[PDB]
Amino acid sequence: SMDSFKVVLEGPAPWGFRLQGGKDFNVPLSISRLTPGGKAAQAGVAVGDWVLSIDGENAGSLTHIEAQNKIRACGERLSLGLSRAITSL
């Protein structure tokens, strides 16, 4: 199970994260690395969060590079729809 949420980052870049995955890798796009103290980390993003949407575009329809372009070409703000595993122990 996973918990969905949204954050909006305020520019300029850099936003402070790296991606992994995408439709060309047969898996959801996710956050693989976060810059400590960077904008994404300060907004409450965590490594391993799935990326559901980028500026309204459904991330499940994007290749890895298409997702990177959507971020790089996003202008002043970056809206991310995310989901986080509920790691029930």
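The numbering used is simple: start at 1 and walk along the sequence shown.
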So 65-73 or 20-28, which one's hotter by mean CA B-factor in the entry?
20-28
Using the temperature factors of the C-alpha atoms in this entry, rank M2 within its chain: lowest, middle or highest third.
middle
Pull the Cα B-factor of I54 out of the PDB entry and bin it into the chain's lowest, middle or highest third.
lowest
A40: C-alpha B-factor third of its chain, per the entry, is the lowest
